[PDB]
């Protein structure tokens, strides 16, 4: 079939030091895809390993001399970041459904021995049905290989979302770090604000949290049931921090809140 290999770049989805991301529309089928135009070898290698409904799908890559093209799943709903209203958050049933999907994606990645290392609402994309997709494996790494866990030591991520062990310990387990950033994402969805610039005792907001001063912002805005979950996630000792199997047993995680996607209906 002629011209099915041709794509038109119609809008900028992102741009930075790495290069740029464009929305590409197939000339024949009008299929929409995200094309990342560029560390990069590792991103492609990690992406070739991934196949999950809550992970941005990788379709392939092509090299045109010095330029690398990564063909990725286009998520028309944009970034979770833009669903968070500043200092408000979003309705608790929406945040619960996004959090369930985030956990499904993170369980999958950890099950194949991959850690994302930069979980934040900018890297959580939404498709046409508001299904969450974990995006950008540029900072990701393999933490388990041949059933042997390797401890990490590299400073990676974004300070408001990083686990305190990354700033205090030479080595750390990969999985509690991603669990911690998911708790920060949950805090942002429910309060529309980040609790601290970084998780250090020098940060007053962080010291206040360890002193259980939940009568303060952002905690005062969060209902007692999701707040009890955050108390288990945002635990300084990564060995005492709740694991994802235990997050799935949490009371708020399993609380019925949200009705399914509205279906057309008539009466009489």
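Numbering follows the first chain given and starts at 1. If you superpose the two forms and keep the largest set of C-alpha atoms that fall within 1.5 Å, you have the rigid core.
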{"item": "Comparing 61 to 69 and 48 to 56 where Cα RMS over structures and residues is taken in 5 other deposited structures of this protein (core fit), larger one", "value": "61 to 69"}
{"item": "Missing residues, deposited sequence, between residue 38 and residue 39 (class: none, 1 to 3, 4 to 9, 10 or more)", "value": "10 or more"}
{"item": "Given 56 to 64 and 209 to 217, the range whose Cα B-factors average higher in the PDB entry", "value": "56 to 64"}
{"item": "Comparing 152 to 160 with 180 to 188, the one whose average Cα B-factor in the PDB entry is higher", "value": "152 to 160"}
{"item": "Which of 70, 227, 46, 242 ranks first by CA B-factor in the deposited coordinates", "value": "70"}
{"item": "Position of residue 83 among the chain's modelled residues by C-alpha B-factor, lowest, middle or highest third", "value": "middle"}
{"item": "CA B-factor ranking of residue 247, expressed as a third of its chain", "value": "lowest"}
{"item": "Third of chain Cα B-factors occupied by residue 117", "value": "lowest"}
{"item": "B-factor third for the C-alpha atom of residue 175 within its chain", "value": "lowest"}
{"item": "Assigned third (lowest, middle, highest) for the C-alpha B factor of residue 110", "value": "lowest"}
